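The data below hold one chain only, encoded as structure tokens and taken in the form deposited in one PDB entry.
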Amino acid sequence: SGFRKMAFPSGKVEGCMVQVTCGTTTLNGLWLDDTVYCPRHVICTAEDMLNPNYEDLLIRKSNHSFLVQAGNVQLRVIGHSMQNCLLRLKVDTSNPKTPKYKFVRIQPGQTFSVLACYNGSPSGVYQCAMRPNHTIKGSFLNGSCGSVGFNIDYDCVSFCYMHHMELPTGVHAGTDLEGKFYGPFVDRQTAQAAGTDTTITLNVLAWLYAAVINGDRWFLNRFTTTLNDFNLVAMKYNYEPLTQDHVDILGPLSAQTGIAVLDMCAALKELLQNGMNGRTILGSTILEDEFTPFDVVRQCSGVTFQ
């Protein structure tokens, strides 16, 4: 029982963190086998960030312009190249702690764990979701550029995010591990605001299912709804439109609880229209949208508390 915003154990990622410095700029890098990945803006001074031309800035660097350190130990750079917004540095030694891994680009609304680091040293791990507008909703730790986001399946680490920039509203922007930004953001220190954001409907429904599996049914009702009528209501509350695909993804949770998906949608519609009347669900006074259906299945019992 219980339900928490839990992250994946971070050990496999801890053993890959390093520090990368170019000039007076230092940030975190990810060391896998014989390569170190980091934001290309490490080659930029705050000044450069106003209107940088990375091709021109990088051609002026040599392998020895980069100092990579694992702890207090320097790793010699023997090659370098830029891949989109990432710098790939080949080093002369391999990381024996490299886990089995994959690079994946996640979709908005999906969740991942972030190992926040400073100067190549881990400070903490937290769980978050890629917002529909491609930003991450929490507050990052100072100097966390280069810290990465990941999910773990069995013993394979799927890296999906590298932190690059800080946004005006205080939200954060970054890229996947091929160096492509999530969202309409670029690595230039200029005002760029996030598009409008929405509540992740699929996740809110997943979470209501978690509450039922854990024994609570107070918010259910005797009504049902069509997908269309649900969207007509939910979209008035800034919720992402719900699609049949989303409905299909909720199949397993629906089968485990005996509550048809559209019946749970009728419950959510009422919660949006009438509020929670001072009550809580899974300890929260507001509807939570940072747990995917997969997160709920992984954390909750496969046996509903009837």
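Numbers follow the displayed sequence, beginning with 1. So that the term is clear: the rigid core is the largest set of C-alpha atoms that superpose within 1.5 Å between two forms.
For the pair 102 to 110 and 184 to 192, rigid core superposition yields a higher RMS C-alpha distance in 9 other deposited structures of this protein in 184 to 192. Between 239 to 247 and 38 to 46, greater CA displacement relative to the shown form is found for 38 to 46 when the structures in 9 other deposited structures of this protein are fitted on the core. A summary of the deposited B-factors shows that, of 206 to 214 and 168 to 176, the stretch with the larger mean C-alpha value is 168 to 176.
Averaged over their C-alpha atoms, the temperature factors of 235 to 243 and 45 to 53 are higher for 45 to 53. Across the options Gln110, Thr199, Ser147, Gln192, the residue with the most elevated CA B-factor in the record is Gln192.
When the C-alpha B factors of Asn151, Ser139, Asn221, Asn95 are read from the deposited coordinates, the top value falls at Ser139. When the modelled residues of the chain are ordered by their C-alpha B factor, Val303 lands in the highest third. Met264: CA B factor in the middle third of modelled residues in this chain (values from the PDB entry). Annotation for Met276: C-alpha temperature factor in the highest third relative to the rest of the modelled chain, per the entry.
The deposited CA B-factor of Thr292 belongs to the lowest third of values across its chain. When the modelled residues of the chain are ordered by their C-alpha B factor, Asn28 lands in the lowest third.
This next part talks about the form deposited with a partner chain bound, which is not shown.
Taking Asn95, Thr225, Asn151, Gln189 one by one, only a single residue has any non-hydrogen atom within 4.5 Å of the partner chain in the deposited complex, and it is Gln189.
With the partner omitted here, the residue from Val212, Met165, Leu89, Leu177 that has a non-hydrogen atom within 4.5 angstroms of the partner chain in the deposited complex is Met165. Proximity to the partner chain in the deposited complex holds for all of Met49, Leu141 and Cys145, with the criterion being a heavy atom within 4.5 Å. Checking 201 to 209, 167 to 175, 217 to 225, 98 to 106 against the partner chain in the deposited complex, the stretch whose residues place heavy atoms within 4.5 Å of it is 167 to 175.
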